[PDB]
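before the rest arrives, take these chain(s) from the complex:
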Amino acid sequence: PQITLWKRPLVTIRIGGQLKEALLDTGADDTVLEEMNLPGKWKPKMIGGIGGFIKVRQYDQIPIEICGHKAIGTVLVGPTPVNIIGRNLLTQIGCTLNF
């Protein structure tokens, strides 16, 4: 799709069999989802943004369908203000910025 930006670019994602809403975030290096259970091993990680750093759980090689497009990659889980799809997965689904 072509998505304009007069509203937040929120899309439905499917992960671990569940539907969620998530923000397509070109200013995010990584994908960070609100607290949830995901299967498999994870490792502790810290990530930072505008207000400082937070602790997250890093799950590698997780499948996620974003607005109908398949990705499989690293998903961070922790106290993010909103579910965020970052560049690691935006690149996988062929997302570009255009003007």
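Arrived safely, thanks for sending. Residues are numbered from 1 along each chain as shown, chains lettered A, B, ... in the order given.

residue A:88 in helix, strand or coil?
Three states are possible here, and by DSSP: H, G, I helix; E, B strand; the rest coil the one that applies to residue A:88 is helix.

residue contacts, it?
The contact partners of residue A:88, taken as CB atoms under 8 Å, 6 or more residues apart in numbering, are A:29, A:30, A:31, A:73, A:74. Backbone N, C-alpha and C define where each C-beta goes, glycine included.

for the residue nearest to residue A:93 when sequence neighbours are not counted, list each beta-bridge partner.
The shortest distance from residue A:93 to any residue that is not its chain neighbour, by CB to CB, 6 or more residues apart in numbering, is 3.8 Å, and that residue is residue A:69. According to DSSP bridges, the partner residues bridging residue A:69 are residue A:66.

tally of neighbours for residue A:69?
16 (other CB atoms under 10 Å).

now do residue A:80
Counted with other CB under 10 Å, the burial measure for residue A:80 works out to 20 neighbours.

just residue A:78 next, same as before
Here the number of neighbours of residue A:78 (other CB under 10 Å) works out to 18.

surely residue A:61 and residue A:73 touch.
Yes. With contacts defined as CB atoms under 8 Å, residue A:61 counts as touching residue A:73 at a distance of 6.9 Å.

which one of these two has more residues nearby?
Taking other CB under 10 Å, residue A:61 and residue A:73 do not tie; residue A:73 has more neighbours (17 against 9).

look up phi and psi at the more buried one.
Phi and psi for residue A:73, reported as degrees, to the nearest 10, are phi -170, psi -160.

let's put chain B on the structure above:
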Amino acid sequence: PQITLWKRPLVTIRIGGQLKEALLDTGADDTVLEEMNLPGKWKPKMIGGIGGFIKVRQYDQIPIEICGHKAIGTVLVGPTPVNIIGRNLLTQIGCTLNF
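So that you can see how it sits with the rest, here is chain B on the chains above:
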């Protein structure tokens, strides 16, 4: 132009006499610039992201050129680690996400 997301989507902006590098950020509602002593009236604001909230100064109707495209609107100024072009200005330069 088309901008891929393999790397941070940094572009050159002009506001004042300072050319700066800023992120084209679809995850940002508002535009947030690194500390700079802009002239004019402002209002205090708090904005929140990963790690919590920071205090910024809200300046209105500020001309900013983004990649040679003229925009004018609200810019938030404070202790962000990166200059952030938000949706309020991305819409004005006709920027979309595409996949």
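
what do you get for the neighbour count of residue A:78 once chain B is counted?
Counted with other CB atoms under 10 Å in any protein chain shown, the neighbours of residue A:78 add up to 19.

ok, now which ones touch the residue lying closest to it once chain neighbours are set aside?
By the measure of CB to CB, 6 or more residues apart in numbering or on different chains, the closest residue to residue A:78 outside its immediate chain neighbours is residue A:56, 3.4 Å from it. Under the criterion of CB atoms under 8 Å, 6 or more residues apart in numbering or on different chains, the neighbours of residue A:56 are A:32, A:44, A:45, A:46, A:47, A:76, A:77, A:78, A:80.

then residue A:63?
If you count contacts by CB under 8 Å, 6+ apart, then residue A:63 has A:15, A:70, A:71, A:72 around it.

so which bits of chain A are right by chain B?
Counting by CB under 8 Å from any CB of the partner chain, the residues of chain A close to chain B are A:1-6, A:8-9, A:23-29, A:32, A:47-54, A:67, A:69, A:80-81, A:84, A:87, A:90-91, A:93-99.

what sits against residue A:55?
Contacts for residue A:55 (CB under 8 Å, 6+ apart) come out as A:44, A:45, A:46, A:78.

likewise for residue A:61?
With contacts defined as CB under 8 Å, 6+ apart, residue A:61 is in contact with A:72, A:73, A:74.

quick one on the thing from earlier: which of the helices or strands spans the residue nearest to residue A:78?
strand A:52-66 (DSSP states H and E).

likewise for residue A:22?
Per DSSP H and E: strand A:18-24 holds residue A:22.

buried sites along that strand?
By neighbour count, with 16 or more other CB atoms under 10 Å in any protein chain shown as the criterion, the buried positions of strand A:18-24 are A:22, A:23, A:24.
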